file target_1.cif (mmCIF, C-alpha atoms and all ligand atoms)
data_upload
#
loop_
_atom_site.label_atom_id
_atom_site.label_comp_id
_atom_site.auth_asym_id
_atom_site.auth_seq_id
_atom_site.Cartn_x
_atom_site.Cartn_y
_atom_site.Cartn_z
CA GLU A 62 0.07 -20.07 51.83
CA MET A 63 0.71 -23.78 52.42
CA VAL A 64 4.47 -23.57 51.89
CA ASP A 65 6.41 -24.03 55.13
CA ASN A 66 3.35 -25.28 57.02
CA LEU A 67 5.26 -28.20 58.56
CA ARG A 68 7.56 -28.18 61.57
CA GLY A 69 9.35 -30.82 63.58
CA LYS A 70 12.36 -31.95 65.54
CA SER A 71 14.79 -34.32 63.82
CA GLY A 72 13.83 -37.97 64.27
CA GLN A 73 10.57 -37.07 65.98
CA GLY A 74 8.24 -36.52 63.05
CA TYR A 75 6.86 -33.63 61.02
CA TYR A 76 3.59 -32.01 62.06
CA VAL A 77 1.02 -29.60 60.68
CA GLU A 78 -1.33 -27.37 62.67
CA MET A 79 -4.97 -28.45 62.74
CA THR A 80 -8.10 -27.55 64.65
CA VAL A 81 -10.77 -29.92 65.91
CA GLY A 82 -14.22 -29.23 67.32
CA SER A 83 -16.47 -26.21 67.73
CA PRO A 84 -15.19 -23.78 68.80
CA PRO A 85 -11.90 -24.89 67.17
CA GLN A 86 -9.23 -26.43 69.38
CA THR A 87 -5.74 -26.05 67.93
CA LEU A 88 -3.45 -29.10 67.94
CA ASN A 89 -0.18 -30.04 66.22
CA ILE A 90 -0.60 -33.23 64.20
CA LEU A 91 2.08 -35.58 62.89
CA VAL A 92 1.78 -36.26 59.15
CA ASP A 93 1.92 -40.01 58.63
CA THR A 94 1.66 -41.63 55.19
CA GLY A 95 2.31 -44.94 56.93
CA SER A 96 -1.08 -45.24 58.65
CA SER A 97 -4.72 -44.33 58.10
CA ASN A 98 -6.19 -43.29 61.46
CA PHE A 99 -6.62 -39.68 62.54
CA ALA A 100 -6.09 -39.69 66.30
CA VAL A 101 -5.41 -37.05 68.94
CA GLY A 102 -4.49 -37.05 72.61
CA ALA A 103 -7.78 -36.60 74.45
CA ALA A 104 -6.67 -36.96 78.06
CA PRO A 105 -3.72 -35.73 80.16
CA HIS A 106 -0.29 -37.24 79.48
CA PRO A 107 3.14 -36.25 80.85
CA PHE A 108 4.38 -35.46 77.34
CA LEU A 109 1.30 -33.60 76.07
CA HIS A 110 1.20 -29.80 76.23
CA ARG A 111 -2.50 -29.87 75.36
CA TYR A 112 -5.21 -32.32 74.33
CA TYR A 113 -8.61 -32.67 72.67
CA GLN A 114 -11.43 -31.81 75.09
CA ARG A 115 -14.57 -33.41 73.70
CA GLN A 116 -16.84 -31.87 76.35
CA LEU A 117 -16.05 -28.41 74.95
CA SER A 118 -17.07 -29.24 71.38
CA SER A 119 -20.74 -28.87 70.47
CA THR A 120 -20.18 -30.68 67.17
CA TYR A 121 -18.53 -33.79 68.61
CA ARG A 122 -20.43 -37.04 68.08
CA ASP A 123 -19.53 -40.21 70.00
CA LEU A 124 -19.50 -43.36 67.85
CA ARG A 125 -19.70 -45.62 70.91
CA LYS A 126 -16.85 -47.78 69.66
CA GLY A 127 -13.35 -48.36 70.97
CA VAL A 128 -10.24 -48.65 68.81
CA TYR A 129 -6.67 -49.87 69.26
CA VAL A 130 -3.72 -49.03 67.01
CA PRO A 131 -0.25 -50.63 67.18
CA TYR A 132 2.62 -49.11 65.21
CA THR A 133 6.14 -50.43 64.65
CA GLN A 134 6.99 -47.92 67.36
CA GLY A 135 4.37 -47.35 70.05
CA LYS A 136 0.64 -47.94 70.37
CA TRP A 137 -2.55 -46.32 71.69
CA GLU A 138 -6.19 -47.02 72.45
CA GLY A 139 -9.10 -44.65 72.23
CA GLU A 140 -12.75 -43.89 71.61
CA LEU A 141 -14.11 -43.27 68.12
CA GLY A 142 -16.23 -40.27 67.23
CA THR A 143 -16.57 -37.54 64.62
CA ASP A 144 -16.15 -33.78 64.70
CA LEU A 145 -15.29 -30.77 62.55
CA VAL A 146 -11.68 -30.43 61.42
CA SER A 147 -9.73 -27.65 59.70
CA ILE A 148 -6.17 -26.99 58.59
CA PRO A 149 -5.38 -23.29 59.14
CA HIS A 150 -2.40 -23.29 56.76
CA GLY A 151 -3.92 -25.68 54.26
CA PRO A 152 -7.05 -25.46 52.08
CA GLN A 153 -9.64 -23.17 53.65
CA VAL A 154 -12.32 -25.76 54.24
CA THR A 155 -13.98 -27.49 57.18
CA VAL A 156 -14.82 -31.18 57.08
CA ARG A 157 -16.45 -33.60 59.46
CA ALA A 158 -14.08 -36.50 59.96
CA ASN A 159 -13.55 -39.56 62.12
CA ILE A 160 -11.34 -38.94 65.13
CA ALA A 161 -9.88 -41.39 67.62
CA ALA A 162 -9.70 -39.75 71.03
CA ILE A 163 -6.62 -41.31 72.61
CA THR A 164 -7.28 -42.16 76.26
CA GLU A 165 -4.33 -44.49 76.85
CA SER A 166 -0.96 -44.95 75.13
CA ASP A 167 2.43 -46.66 75.38
CA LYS A 168 5.67 -45.28 73.91
CA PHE A 169 3.70 -43.25 71.36
CA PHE A 170 3.88 -39.62 72.47
CA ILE A 171 7.42 -38.22 72.52
CA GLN A 172 8.84 -35.97 75.22
CA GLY A 173 9.29 -32.51 73.70
CA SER A 174 8.09 -33.32 70.17
CA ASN A 175 5.44 -30.56 70.01
CA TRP A 176 2.72 -32.72 68.47
CA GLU A 177 -0.40 -34.05 70.18
CA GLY A 178 -1.92 -36.24 67.47
CA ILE A 179 -1.36 -38.10 64.21
CA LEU A 180 -2.86 -37.87 60.72
CA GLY A 181 -2.92 -41.20 58.91
CA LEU A 182 -2.90 -40.30 55.21
CA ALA A 183 -2.87 -43.85 53.83
CA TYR A 184 -5.90 -45.82 52.64
CA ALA A 185 -8.95 -47.25 54.42
CA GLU A 186 -7.65 -50.78 53.90
CA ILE A 187 -5.27 -50.44 56.86
CA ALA A 188 -7.56 -48.32 59.05
CA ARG A 189 -8.51 -49.68 62.48
CA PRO A 190 -10.85 -51.21 63.56
CA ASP A 191 -11.44 -51.95 59.87
CA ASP A 192 -11.73 -50.39 56.41
CA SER A 193 -15.18 -48.95 57.08
CA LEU A 194 -13.59 -46.19 59.16
CA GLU A 195 -13.14 -43.53 56.48
CA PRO A 196 -9.67 -41.88 56.66
CA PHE A 197 -9.36 -38.11 56.93
CA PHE A 198 -8.10 -37.42 53.41
CA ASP A 199 -10.94 -39.44 51.89
CA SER A 200 -13.44 -37.37 53.87
CA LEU A 201 -11.63 -34.21 52.77
CA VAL A 202 -11.96 -35.06 49.08
CA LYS A 203 -15.55 -36.27 49.37
CA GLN A 204 -16.73 -33.16 51.21
CA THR A 205 -14.80 -30.48 49.33
CA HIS A 206 -13.55 -29.84 45.80
CA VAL A 207 -9.93 -30.50 46.77
CA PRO A 208 -8.13 -32.59 44.12
CA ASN A 209 -7.36 -36.16 45.20
CA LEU A 210 -3.62 -35.58 45.67
CA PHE A 211 -1.13 -34.17 48.17
CA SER A 212 2.62 -33.67 48.21
CA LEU A 213 5.24 -33.56 50.94
CA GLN A 214 8.51 -31.65 51.11
CA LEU A 215 10.30 -32.71 54.30
CA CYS A 216 13.41 -30.69 55.07
CA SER A 230 14.15 -27.88 64.59
CA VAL A 231 13.04 -28.84 61.07
CA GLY A 232 10.35 -27.70 58.67
CA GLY A 233 8.79 -28.38 55.30
CA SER A 234 5.56 -28.26 53.34
CA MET A 235 2.44 -30.33 52.87
CA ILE A 236 0.63 -29.11 49.77
CA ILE A 237 -2.93 -30.40 49.75
CA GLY A 238 -4.66 -30.82 46.42
CA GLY A 239 -1.72 -29.89 44.25
CA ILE A 240 1.94 -29.61 43.32
CA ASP A 241 4.09 -26.56 44.03
CA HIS A 242 6.86 -26.19 41.45
CA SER A 243 8.81 -23.87 43.75
CA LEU A 244 9.49 -26.85 46.02
CA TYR A 245 11.49 -28.93 43.53
CA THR A 246 13.96 -28.80 40.66
CA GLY A 247 14.35 -30.96 37.58
CA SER A 248 11.82 -33.61 36.58
CA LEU A 249 9.16 -35.50 38.54
CA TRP A 250 9.47 -39.26 38.10
CA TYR A 251 6.49 -41.46 38.95
CA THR A 252 6.27 -44.98 40.29
CA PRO A 253 2.95 -46.85 40.45
CA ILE A 254 1.13 -47.42 43.71
CA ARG A 255 0.98 -51.20 43.53
CA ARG A 256 -1.93 -51.55 45.95
CA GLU A 257 -4.00 -48.95 47.78
CA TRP A 258 -3.51 -49.79 51.42
CA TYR A 259 -0.13 -48.50 52.46
CA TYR A 260 1.46 -46.38 49.78
CA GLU A 261 3.08 -49.55 48.43
CA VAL A 262 5.70 -49.32 45.71
CA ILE A 263 8.13 -51.68 43.97
CA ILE A 264 11.92 -51.44 44.20
CA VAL A 265 13.62 -53.16 41.27
CA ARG A 266 17.33 -52.58 41.97
CA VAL A 267 19.59 -51.37 44.78
CA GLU A 268 23.14 -50.09 44.36
CA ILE A 269 25.71 -48.97 46.92
CA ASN A 270 28.25 -46.61 45.39
CA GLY A 271 27.17 -47.80 41.97
CA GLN A 272 27.58 -51.48 42.77
CA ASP A 273 24.50 -53.67 42.38
CA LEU A 274 23.61 -55.70 45.48
CA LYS A 275 22.89 -58.53 43.04
CA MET A 276 19.78 -59.98 44.67
CA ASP A 277 16.57 -61.39 43.23
CA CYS A 278 14.55 -58.18 43.12
CA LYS A 279 11.60 -59.68 45.00
CA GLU A 280 13.91 -59.66 48.03
CA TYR A 281 13.79 -55.86 47.99
CA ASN A 282 10.02 -55.96 48.43
CA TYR A 283 9.63 -58.82 50.89
CA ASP A 284 6.95 -58.68 51.91
CA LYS A 285 6.10 -55.14 50.76
CA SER A 286 7.75 -51.75 50.24
CA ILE A 287 6.03 -48.57 51.46
CA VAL A 288 6.58 -44.81 51.54
CA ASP A 289 6.14 -43.75 55.15
CA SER A 290 6.60 -40.19 56.43
CA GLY A 291 5.80 -41.44 59.92
CA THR A 292 8.82 -43.75 60.12
CA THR A 293 12.23 -42.17 60.75
CA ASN A 294 14.58 -44.70 59.18
CA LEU A 295 15.07 -46.49 55.92
CA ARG A 296 14.11 -50.01 56.95
CA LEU A 297 15.21 -52.96 54.83
CA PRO A 298 14.27 -56.67 54.87
CA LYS A 299 16.87 -58.66 56.83
CA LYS A 300 18.60 -60.14 53.77
CA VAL A 301 18.78 -56.76 52.03
CA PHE A 302 19.84 -55.01 55.23
CA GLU A 303 22.75 -57.40 55.80
CA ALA A 304 23.94 -57.00 52.22
CA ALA A 305 23.66 -53.21 52.46
CA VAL A 306 25.61 -53.02 55.71
CA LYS A 307 28.34 -55.26 54.30
CA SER A 308 28.75 -52.94 51.33
CA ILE A 309 28.64 -49.74 53.39
CA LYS A 310 31.22 -51.19 55.80
CA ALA A 311 33.46 -52.06 52.85
CA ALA A 312 33.17 -48.56 51.40
CA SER A 313 33.94 -46.87 54.73
CA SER A 314 36.54 -49.41 55.86
CA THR A 315 39.15 -46.68 56.29
CA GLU A 316 37.43 -46.22 59.66
CA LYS A 317 36.02 -48.94 61.91
CA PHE A 318 32.84 -48.58 63.95
CA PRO A 319 31.38 -50.69 66.77
CA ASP A 320 28.72 -53.20 65.77
CA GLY A 321 26.30 -51.25 67.95
CA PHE A 322 26.56 -48.37 65.50
CA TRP A 323 25.49 -50.54 62.57
CA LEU A 324 22.61 -51.84 64.68
CA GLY A 325 21.44 -48.24 64.88
CA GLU A 326 21.72 -48.39 68.67
CA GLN A 327 24.91 -46.40 69.26
CA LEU A 328 26.15 -42.94 68.23
CA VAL A 329 29.27 -42.22 66.23
CA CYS A 330 30.88 -38.83 66.83
CA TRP A 331 33.51 -36.69 65.14
CA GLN A 332 35.01 -33.37 66.22
CA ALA A 333 32.58 -30.63 65.19
CA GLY A 334 32.78 -29.97 61.46
CA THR A 335 35.00 -32.91 60.55
CA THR A 336 32.49 -35.62 59.64
CA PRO A 337 34.18 -37.74 56.90
CA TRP A 338 31.21 -37.71 54.51
CA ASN A 339 33.40 -38.83 51.62
CA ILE A 340 34.15 -42.28 53.04
CA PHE A 341 30.45 -43.16 53.14
CA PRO A 342 28.78 -44.40 49.91
CA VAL A 343 25.72 -43.14 48.06
CA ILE A 344 22.71 -45.46 48.01
CA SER A 345 20.53 -45.76 44.91
CA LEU A 346 17.03 -47.19 45.08
CA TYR A 347 15.61 -47.95 41.63
CA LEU A 348 11.81 -47.74 41.51
CA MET A 349 9.48 -49.35 38.97
CA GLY A 350 8.48 -46.90 36.27
CA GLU A 351 5.08 -46.40 34.66
CA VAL A 352 6.28 -48.22 31.54
CA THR A 353 7.17 -51.90 31.21
CA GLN A 354 10.69 -52.74 32.43
CA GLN A 355 11.55 -49.07 32.83
CA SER A 356 12.76 -47.62 36.13
CA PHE A 357 14.24 -44.49 37.67
CA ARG A 358 16.55 -44.14 40.65
CA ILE A 359 16.62 -41.96 43.72
CA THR A 360 20.04 -41.50 45.27
CA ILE A 361 20.61 -40.91 48.97
CA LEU A 362 23.77 -39.33 50.41
CA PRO A 363 25.20 -40.20 53.82
CA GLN A 364 23.96 -36.78 54.96
CA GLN A 365 20.55 -38.43 54.80
CA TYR A 366 21.14 -41.88 56.30
CA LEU A 367 23.45 -40.70 59.08
CA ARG A 368 20.99 -38.88 61.30
CA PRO A 369 22.41 -36.06 63.44
CA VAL A 370 21.47 -36.39 67.10
CA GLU A 371 21.27 -32.99 68.78
CA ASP A 372 22.57 -33.06 72.35
CA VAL A 373 24.19 -30.07 74.02
CA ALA A 374 26.12 -32.49 76.22
CA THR A 375 27.96 -33.91 73.19
CA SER A 376 28.09 -30.67 71.23
CA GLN A 377 31.89 -30.50 71.18
CA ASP A 378 31.31 -33.10 68.46
CA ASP A 379 28.87 -33.85 65.70
CA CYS A 380 27.28 -37.22 66.50
CA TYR A 381 25.04 -39.42 64.36
CA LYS A 382 22.89 -42.53 64.41
CA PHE A 383 22.94 -44.97 61.49
CA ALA A 384 19.39 -44.43 60.22
CA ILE A 385 19.11 -47.65 58.24
CA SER A 386 17.75 -50.57 60.24
CA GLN A 387 16.49 -54.11 59.83
CA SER A 388 12.86 -54.94 59.09
CA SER A 389 10.74 -58.08 59.32
CA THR A 390 7.78 -56.40 57.60
CA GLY A 391 9.22 -55.21 54.29
CA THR A 392 11.02 -52.06 53.13
CA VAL A 393 10.03 -48.75 54.69
CA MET A 394 11.16 -45.62 52.88
CA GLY A 395 10.94 -43.31 55.88
CA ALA A 396 11.81 -39.67 56.54
CA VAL A 397 15.54 -40.21 55.99
CA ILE A 398 14.69 -41.12 52.40
CA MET A 399 11.95 -38.53 51.84
CA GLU A 400 14.04 -35.62 53.09
CA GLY A 401 15.63 -33.77 50.20
CA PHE A 402 12.97 -35.07 47.83
CA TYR A 403 9.63 -33.61 46.88
CA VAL A 404 7.20 -36.51 47.05
CA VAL A 405 3.85 -36.39 45.30
CA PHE A 406 1.14 -38.71 46.53
CA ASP A 407 -0.95 -38.75 43.36
CA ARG A 408 -3.92 -40.73 44.61
CA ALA A 409 -6.05 -39.83 41.59
CA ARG A 410 -3.65 -41.54 39.18
CA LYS A 411 -2.46 -44.20 41.62
CA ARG A 412 1.19 -43.16 41.53
CA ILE A 413 3.94 -41.59 43.63
CA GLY A 414 6.18 -38.91 42.19
CA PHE A 415 9.73 -38.04 43.26
CA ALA A 416 11.78 -34.96 42.42
CA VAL A 417 14.86 -33.31 43.88
CA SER A 418 13.73 -30.99 46.67
CA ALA A 419 14.55 -27.29 46.82
CA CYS A 420 15.80 -28.14 50.32
CA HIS A 421 18.66 -30.56 49.68
CA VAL A 422 21.68 -31.10 51.92
CA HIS A 423 24.56 -32.32 49.74
CA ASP A 424 28.13 -31.03 49.66
CA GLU A 425 30.44 -29.63 46.99
CA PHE A 426 31.12 -33.11 45.59
CA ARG A 427 27.82 -35.01 45.50
CA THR A 428 24.11 -34.25 45.15
CA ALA A 429 21.02 -36.37 45.81
CA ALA A 430 19.25 -37.13 42.54
CA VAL A 431 16.13 -38.45 40.88
CA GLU A 432 16.95 -39.60 37.37
CA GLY A 433 16.17 -41.98 34.54
CA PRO A 434 15.09 -43.75 32.52
CA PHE A 435 16.81 -47.09 33.08
CA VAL A 436 15.97 -50.37 31.34
CA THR A 437 15.99 -53.87 32.81
CA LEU A 438 16.39 -56.98 30.67
CA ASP A 439 15.19 -59.33 33.41
CA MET A 440 11.42 -59.70 33.00
CA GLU A 441 10.76 -60.88 36.54
CA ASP A 442 8.00 -59.11 38.46
CA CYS A 443 9.73 -57.66 41.52
CA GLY A 444 6.56 -57.61 43.61
CA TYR A 445 6.53 -60.22 46.36
CA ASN A 446 2.91 -61.34 45.98
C1 LIG B 501 16.74 -49.29 66.63
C2 LIG B 501 15.92 -48.98 65.36
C3 LIG B 501 14.69 -48.11 65.66
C4 LIG B 501 13.88 -47.81 64.39
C5 LIG B 501 12.64 -46.94 64.65
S1 LIG B 501 11.80 -46.64 63.10
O1 LIG B 501 12.67 -45.86 62.27
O2 LIG B 501 11.28 -47.87 62.58
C6 LIG B 501 10.43 -45.62 63.58
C7 LIG B 501 10.69 -44.34 64.13
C8 LIG B 501 9.61 -43.50 64.50
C9 LIG B 501 8.28 -43.94 64.31
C10 LIG B 501 8.01 -45.22 63.75
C11 LIG B 501 6.63 -45.70 63.53
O3 LIG B 501 6.21 -46.80 63.90
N1 LIG B 501 5.83 -44.82 62.86
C12 LIG B 501 4.36 -44.89 62.84
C13 LIG B 501 3.76 -43.54 63.31
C14 LIG B 501 4.37 -43.01 64.58
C15 LIG B 501 4.93 -41.70 64.61
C16 LIG B 501 5.51 -41.19 65.80
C17 LIG B 501 5.54 -41.99 66.97
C18 LIG B 501 4.99 -43.30 66.95
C19 LIG B 501 4.41 -43.80 65.76
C20 LIG B 501 3.96 -45.25 61.40
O4 LIG B 501 2.57 -45.34 61.24
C21 LIG B 501 4.57 -46.59 60.95
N2 LIG B 501 3.97 -47.00 59.69
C22 LIG B 501 3.75 -48.42 59.36
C23 LIG B 501 5.11 -49.15 59.23
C24 LIG B 501 2.87 -49.11 60.44
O5 LIG B 501 3.35 -49.69 61.42
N3 LIG B 501 1.56 -48.97 60.19
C25 LIG B 501 0.50 -49.47 61.08
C26 LIG B 501 -0.04 -50.80 60.52
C27 LIG B 501 -1.20 -51.34 61.45
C28 LIG B 501 -2.33 -50.29 61.66
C29 LIG B 501 -1.77 -48.92 62.12
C30 LIG B 501 -0.63 -48.42 61.19
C31 LIG B 501 9.10 -46.06 63.38
#
call {"tool": "encode", "arguments": {"input": "target_1.cif", "output": "structure tokens"}}
result
Amino acid sequence: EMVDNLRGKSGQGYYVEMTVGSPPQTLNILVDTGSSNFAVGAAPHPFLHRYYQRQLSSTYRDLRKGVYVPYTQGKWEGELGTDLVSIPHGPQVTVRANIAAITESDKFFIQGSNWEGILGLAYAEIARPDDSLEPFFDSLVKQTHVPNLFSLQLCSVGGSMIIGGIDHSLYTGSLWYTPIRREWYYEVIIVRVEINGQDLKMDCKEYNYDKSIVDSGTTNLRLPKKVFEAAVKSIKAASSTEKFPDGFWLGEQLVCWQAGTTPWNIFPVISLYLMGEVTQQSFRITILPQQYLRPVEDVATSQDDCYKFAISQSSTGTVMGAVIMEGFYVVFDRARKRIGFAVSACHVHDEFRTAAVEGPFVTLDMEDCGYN
């Protein structure tokens, strides 16, 4: 009953229905493995269809403490409190959890996105104001018998968040696991990067400067400057049969082709090799251009199919965002401190190429690829 419990619009996040308060107030909540605060609009905003009304909830408790949260994109401030929370299309339980009532925000809420709040599913260590503010999923596990694990299948868009388990109907082939290096973000280690089978030939610590995270709340694949520049150079070379403006590669400008004629074949596959659970072993996940060229829906341009380049530069480490997670089933195995990847039942791919998760691979170089 949890399958297909996510919705979204491309590039605007995936959200699950939740209720807060007594009696329950229904809100759509963005699922974010890249943060650890549960926060909801709690005052009028031009882009909010509805918001949390604390005065109507008998079970609301004010914590008399403000909080401020800056993201890569956007920021908000609010008042901390606790209240009862449920997930209608998740486990059938009710938990009391911390909630940040957003009273002011800047470039956070998105016009027409259909969500009114955000569920930070990462660890207390990056919670604001500090790590003593217990994250929602921690409260969920403490207060119920739900297993300490959840999985995400991100595919108008939809998908599934399976809480407490793994649904075999959502993937094919094998699940490969990479260790969670540190429990704050869902931090992982990338050991090798190839573009159309060609190694970028970098010291592997560069791939994880200064960290690499799995982040459902970030749209793009974000790469450290040095890695980004090398990637773009190789993708340009592979697709050189056509030339695009530098603004396209900066992720700022659209590229369009006549409807139905996108030249997928001139764009390379990208392989990210992730540290395995055994010494010097790895597996790779392979991303097709259908993933890193993000379609931008606009009726005005609909004579064409237009895309944004959904790989962009980072100064804060690698971010494996939605572009990467789409077409994979991703298991956040908190209990065993590992992340699993498998090919998703909802894959794009064409008649020539298919996204993959495969291994094992062995590395002779004994260097630790972690930055710290
Ligand atoms: C021209 C290129 C544009 C690229 C846009 S893009 O793809 O980066 C990009 C595109 C869309 C969103 C974001 C983005 O910052 N995502 C937020 C959540 C969010 C979701 C929806 C709207 C606004 C925000 C994550 O939480 C980001 N996760 C960590 C990286 C993070 O910043 N964690 C915080 C650490 C400090 C405490 C709070 C959590 C980035």
call {"tool": "residues_near_ligand", "arguments": {"input": "target_1.cif", "ligand": "ligand LIG 501 (chain B)", "cutoff": "7 Å", "atoms": "only C-alpha atoms and all ligand atoms", "output": "MDAnalysis selection string"}}
result
chainID A and resid 72:74 91 93 95:97 130:135 169:171 187:189 289 291:296 324:326 386 393
call {"tool": "closest_residue", "arguments": {"input": "target_1.cif", "among": "A:418, A:71, A:153, A:327", "to": "residue A:237", "atoms": "only C-alpha atoms"}}
result
A:153
call {"tool": "atom_distance", "arguments": {"input": "target_1.cif", "atom1": "atom CA of residue A:275", "atom2": "atom CA of residue A:432"}}
result
20.6 Å
call {"tool": "residues_around", "arguments": {"input": "target_1.cif", "residues": "residue A:137", "least_positions_apart": "5", "cutoff": "10 Å", "atoms": "all atoms listed in the file", "output": "list in words"}}
result
residues 100, 102, 128, 129, 130, 131, 132, 161, 162, 163, 164, 165, 166, 167, 168, 169 and 170 of chain A
call {"tool": "residues_around", "arguments": {"input": "target_1.cif", "residues": "residue A:268", "least_positions_apart": "6", "cutoff": "8 Å", "atoms": "all atoms listed in the file", "output": "ChimeraX atom specification"}}
result
/A:274,344-346
